[PDB]
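Remarks on the structure that follows.
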Amino acid sequence: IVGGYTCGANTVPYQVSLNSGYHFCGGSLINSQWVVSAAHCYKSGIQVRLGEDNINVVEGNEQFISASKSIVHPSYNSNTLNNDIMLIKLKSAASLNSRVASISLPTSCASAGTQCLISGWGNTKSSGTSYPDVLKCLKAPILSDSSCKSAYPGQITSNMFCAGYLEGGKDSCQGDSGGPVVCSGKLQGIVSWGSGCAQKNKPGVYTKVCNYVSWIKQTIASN
Ligand SMILES: Cc1nc2ccccc2n1Cc1ccc2c(c1)nc(CNc1ccc(C(=N)N)cc1)n2C
Ligand SMILES: [Ca+2]
């Protein structure tokens, strides 16, 4: 997260860290046994780390659970990043409490202007690399479709939306990928891609979760 602020320990209870000997992507807990993340975060040997703040120290409240299966959307296209969504089933159910909780799926899509909270342990610098120990947060509004398509001509599909600041300086970044974009208590987006991080006129692009509610429900019900 570039230009954000320290969230505060366990203030984003649905935030997950995908770990394979190091943090590589974020995710969101949607029920006791399922996490939603980005398809491009797919890899084998995934350990889901819940209740985290400092990802380098065991401070208490952490739950490390191996993924039993990762379901990448069948129509995910790695070249266009269309359908960049993945479901991860936990080997065992997470113990839900004050510091580990699930986020609700949306019943409708969010409109332009809606303010959302984006979080993660990704890169904090526009130029260069600096990964934080603790969870960073950022409040950003959903941009209009016209502004989004003007920023990324021919690259925005109906399954994507832009959120952020055209002036640059505040954005999600590499490492935040797969993480949550929560608006009015509903998971509306998944950190997906962008051109650089926090660059002028290059806002972040996110997977439009409202287009996948039926798919998520049908897939979870059959696995
Ligand atoms: C290289 C390319 N071929 C494309 C074809 C169609 C559309 C975009 C395309 N891109 C750009 C692109 C595509 C995927 C990318 C990317 C940059 N950079 C990342 C790394 N993660 C990432 C996450 C968030 C942000 C951000 N909010 N600014 C920036 C980058 N991924 C996971
Ligand atoms: Ca920790």
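Every residue, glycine among them, receives a Cβ derived from its backbone with ideal geometry; neighbour counts consider all protein chains shown. Each answer follows from the model by the rule given with it, or from the source it names; none is laboratory data.
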field: Qualifying position, being surrounded by fewer than 19 Cβ atoms within 10 Å (Cβ to Cβ), at positive phi and in contact with a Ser or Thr (Cβ under 6 Å, 6 or more places away or on another chain), among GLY60, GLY8, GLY45
entry: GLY45
message: Looking at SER214 and the list (1) under 19 Å from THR129 (Cα atoms); (2) surrounded by fewer than 16 Cβ atoms within 10 Å (Cβ to Cβ), which single condition is not satisfied?
response: (1)
- request: State whether the residues of the range 48-70 include one that is within 16 Å of ligand 1 (Cβ to nearest atom), in a strand (DSSP E or B) and among the hydrophobic types (A, V, I, L, M, F, W, C).
  value: no
- request: Please verify whether the range 86-107 includes one or more residues that are within 16 Å of ligand 1 (Cβ to nearest atom) and not basic (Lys, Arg).
  value: yes
query: Restricting attention to the range 71-87, does a residue exist that is over 21 Å from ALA221 (Cα atoms) and aromatic (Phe, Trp, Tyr)?
result: no
- prompt: With (1) away from ligand 2 (no atom under 16 Å from the Cβ); (2) over 24 Å from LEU138 (Cβ atoms); (3) in contact with a strand residue (DSSP E or B) (Cβ under 8 Å, 6 or more places away or on another chain) as the list, and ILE65 as the residue in question, which single condition is left unmet?
  reply: (1)
- prompt: Consider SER119 against the criteria (1) within 12 Å of ligand 1 (Cβ to nearest atom); (2) more than 24 Å from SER75 (Cβ to Cβ); (3) among the small types (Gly, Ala, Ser); (4) surrounded by 24 or more Cβ atoms within 10 Å (Cβ to Cβ): it satisfies all of them except one. Which criterion is unmet?
  reply: (1)
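Among strands (runs of 3 or more DSSP E) lying entirely in the range 89-205, which contain 2 or more residues that are β-branched (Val, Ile, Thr) and either outside the structural domain of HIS73 (by CATH) or in contact with a strand residue (DSSP E or B) (Cβ under 6 Å, 6 or more places away or on another chain) (or both)?
Numbers: elements: 115-120, 136-141, 160-163, 180-183, 186-193.
Where strands (runs of 3 or more DSSP E) fall fully within the range 89-205 and carry at least 2 residues being β-branched (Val, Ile, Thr) and either outside the structural domain of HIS73 (by CATH) or in contact with a strand residue (DSSP E or B) (Cβ under 6 Å, 6 or more places away or on another chain) (or both), they are 180-183, 186-193.
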- request: Please work out which residue is surrounded by the most Cβ atoms within 10 Å (Cβ to Cβ), limiting yourself to the range 177-211 and to residues that are out of contact with any helix residue (DSSP H, G or I) (no Cβ under 8 Å at 6 or more places or on another chain) and charged (D, E, K, R).
  value: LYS208
message: Could you check the range 30-65 and list, in sequence order, the residues that are aliphatic (A, V, I, L, M) and without any contact (Cβ under 8 Å) to a residue 24 or more places away in the chain?
response: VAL58
statement: Flagged in the range 1-57 as charged (D, E, K, R) and in contact with a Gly (Cβ under 9 Å, 6 or more places away or on another chain), in numbering order, are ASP53
